[PDB]
Amino acid sequence: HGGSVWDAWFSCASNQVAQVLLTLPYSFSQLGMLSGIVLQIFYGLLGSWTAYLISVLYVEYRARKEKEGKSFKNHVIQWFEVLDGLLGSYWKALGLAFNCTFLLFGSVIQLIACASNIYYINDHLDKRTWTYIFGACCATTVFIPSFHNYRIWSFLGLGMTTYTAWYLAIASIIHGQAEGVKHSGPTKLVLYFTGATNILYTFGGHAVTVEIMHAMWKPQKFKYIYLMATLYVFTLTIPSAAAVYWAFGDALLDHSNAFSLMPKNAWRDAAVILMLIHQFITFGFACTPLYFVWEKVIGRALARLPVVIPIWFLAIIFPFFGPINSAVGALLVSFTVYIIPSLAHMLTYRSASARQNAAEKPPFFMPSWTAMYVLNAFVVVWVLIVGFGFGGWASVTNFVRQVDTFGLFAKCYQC
Ligand SMILES: O=C(O)Cc1c[nH]c2ccccc12
């Protein structure tokens, strides 16, 4: 029987980094080594803190509900229901819109990544119609009611992502310096900020953390799981991305995907196959809550047939891999992952009486709530400035430049 603490850690490790492990070298080449590492560590700490914040919010909500006299024997609670139960009505609507649109764009991003990854295996025709082909495969997931057995998928994802990251790191050991390798790190404004926003995408929770833990016999212990997961990711990602960037110099500015330039061999082929499988599985994971909300609002494929088609069409109309990541980071992720949780926490715990009856006290090494106040202020201000205030100022400019250079419904991109 799955759903245990170990299974929760496996699922967190599998989900926290699914497809951004291939774009990160592009962001690093866009940013640099030292700055990239610093930003990754800072955003990892912030993501872990926000995960703890969401966990404590859920724990408090559950405590209040159990005080009221509500039972959840056959019920599962999502993030928006908690937002409704804490803040109000318009706030519930905002949270739903944000997380739902974020999940839709995440499905689109996953489809784009899957298509781009398969593009490097065996291609003899135009890429757009290949995405058309993958559309039917993506839509076929409607038949399965749900991925109840998340344990096997989490195990496979963890193992295969570990192997892929380790191989990406290892190959560069003898791959050697690129012919006439050149490193320049940051160059100017738009590119630097675009990379600094695309990094934000892969170091949060991706608005799935709420259900990641349910069924756990000890729900209150999410800090351990997340911290281990975030760290595990660090070990997987920092060496791999750093090694790839060092090996290939400034060749990642135009070839965002790593597999584009690596030599063709059996190990690489296995890596791309594993990445495609993981991309499909995580696409299903991301789409499941959207399907659930859609069914619950509207009232065995016809129920969710009219929701996939927009996803497929939006993936088709845009073939961009990294720019889309930057845009979603500067527009959607930067709101439904960091700003909303902090704002909700502060709004709910503004008064002192609620603090007195807190479900969970913060651990020893933060001996005051004033530190929490100041940390929330710092995170919200910083994410507003560089996430929404200026991250978009670069991401949207990059998208406009893209469309200028390629237009709409581009058949092939980065080729
Ligand atoms: O695929 C990604 O870019 C990141 C990611 C991991 N799990 C997700 C669930 C929904 C949307 C995006 C993601």
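Numbers run from 1 along the shown chain.
In case you wondered, yes, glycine gets a Cβ from its N, Cα and C as well.
As annotated by Swiss-Prot, topological domain 'Cytoplasmic' applies to 58-92 (among others), with the evidence given as sequence analysis. Sequence-distant contacts of the topological domain 'Cytoplasmic' (58-92) (same chain, six or more residues past either end, CB-CB distance under 8 Å): 99, 207, 210-211, 213-214, 219-220, 289, 292-293, 340, 344, 347-348, 358-360.
Here Swiss-Prot flags 114-129 (among others) as topological domain 'Extracellular', drawing on sequence analysis. The residues of the topological domain 'Extracellular' (114-129), classed with DSSP into helix (H, G, I), strand (E, B) and coil, number 8 helix, 0 strand, 8 coil.
Marked as topological domain 'Extracellular' by Swiss-Prot on the basis of sequence analysis: 175-189 (among others). Sequence-distant contacts of the topological domain 'Extracellular' (175-189), counting only residues of its own chain at least 6 positions beyond either end whose CB sits under 8 Å from a CB of the stretch, comprise 31-33, 35, 246-251, 394.
Residues 2-5, 8, 11-12, 15, 51-52, 55, 58-59, 62, 76-78, 289, 360, 363 of the same chain lie 6 or more positions beyond the ends of the topological domain 'Cytoplasmic' (211-223) yet place their CB under 8 Å from a CB of it. Taken from Swiss-Prot, the feature topological domain 'Cytoplasmic' covers 211-223 (among others), and the record attributes it to sequence analysis.
Per Swiss-Prot, topological domain 'Extracellular' is recorded for 245-271 (among others), and the stated evidence type is sequence analysis. With a cut-off of 8 Å between Cβ atoms, the residues of this chain six or more beyond the topological domain 'Extracellular' (245-271) that come close are 22-23, 25-26, 28-30, 33, 36, 116-117, 120-121, 163-164, 167-168, 171-172, 175-178, 180-184, 321-322, 414.
If you look up Swiss-Prot, you'll see 348-373 (among others) marked as topological domain 'Cytoplasmic', on the strength of sequence analysis. Helix, strand and coil residue tallies for the topological domain 'Cytoplasmic' (348-373), in that order: 11 helix, 0 strand, 15 coil [DSSP].
Feature annotation from Swiss-Prot assigns transmembrane segment to 17-34 (among others).
The transmembrane segment annotation in Swiss-Prot covers 37-57 (among others).
Annotation source Swiss-Prot lists transmembrane segment at 93-113 (among others), citing sequence analysis.
Sequence annotations record features per position, and here Swiss-Prot assigns transmembrane segment to 130-150 (among others) based on sequence analysis.
Per Swiss-Prot, transmembrane segment is recorded for 154-174 (among others), and the stated evidence type is sequence analysis.
Annotation comment: Swiss-Prot describes 190-210 (among others) as transmembrane segment, evidence class sequence analysis. Listed by sequence, the residues of this chain that lie at least six past the ends of the transmembrane segment (190-210) yet keep a Cβ under 8 A from its Cβ atoms are 12, 15-17, 20-21, 23-24, 26-28, 30-31, 36, 39-40, 43-44, 46-47, 50-51, 54-55, 58, 77-79, 82, 99, 102-103, 106, 226, 230, 285-286, 289, 322-323, 325-326, 328-330, 333-334, 336-338, 386-387, 390-395, 397-398.
Positions annotated as transmembrane segment by Swiss-Prot, on the basis of sequence analysis: 224-244 (among others).
Taken from Swiss-Prot, the feature transmembrane segment covers 272-292 (among others), and the record attributes it to sequence analysis.
Taken from Swiss-Prot, the feature transmembrane segment applies to 305-325 (among others), supported by sequence analysis. Through the fold, the transmembrane segment (305-325) approaches residues 20, 23, 26-27, 104, 107-109, 111-113, 115-116, 127-128, 131-132, 135, 138-139, 142, 194, 198, 201, 256-257, 287, 290-291, 294, 395, 398-399, 402, 408-410, 412-414 of its own chain, all at least 6 residues removed from its boundaries and within a Cβ separation under 8 Å.
According to Swiss-Prot, the transmembrane segment annotation covers 327-347 (among others), on the basis of sequence analysis. Sequence-distant contacts of the transmembrane segment (327-347) (same chain, at least 6 residues past either end, Cβ-Cβ under 8 Å): 46-47, 50, 53-54, 56-57, 83, 86-87, 91, 94-95, 98-99, 101-102, 105-106, 109, 197-201, 204-207, 373, 376, 379-380, 383-384, 387-388, 391-392, 394-396, 398-399.
Comparison of 93-113, 130-150, 224-244, 272-292 by number of C-beta pairs under 8 angstroms to the transmembrane segment (37-57) places 224-244 first. Of the recorded ranges 130-150, 224-244, 272-292, 374-394, the transmembrane segment (93-113) has the largest number of C-beta contacts under 8 angstroms with 272-292. Within the same chain, the transmembrane segment (224-244) packs against the transmembrane segment (17-34): three or more Cβ pairs sit under 8 Å, each pair at least 6 residues apart. Beyond the transmembrane segment (17-34), the same-chain residues lying 6 or more positions past its ends with a Cβ under 8 Å from any Cβ of the stretch are 109-110, 113, 117, 157, 161, 164-165, 168, 183, 185-186, 191-192, 194-196, 198-199, 201-202, 233, 236-237, 240-242, 244-246, 248-253, 255-259, 275, 278-279, 282, 321-322, 325.
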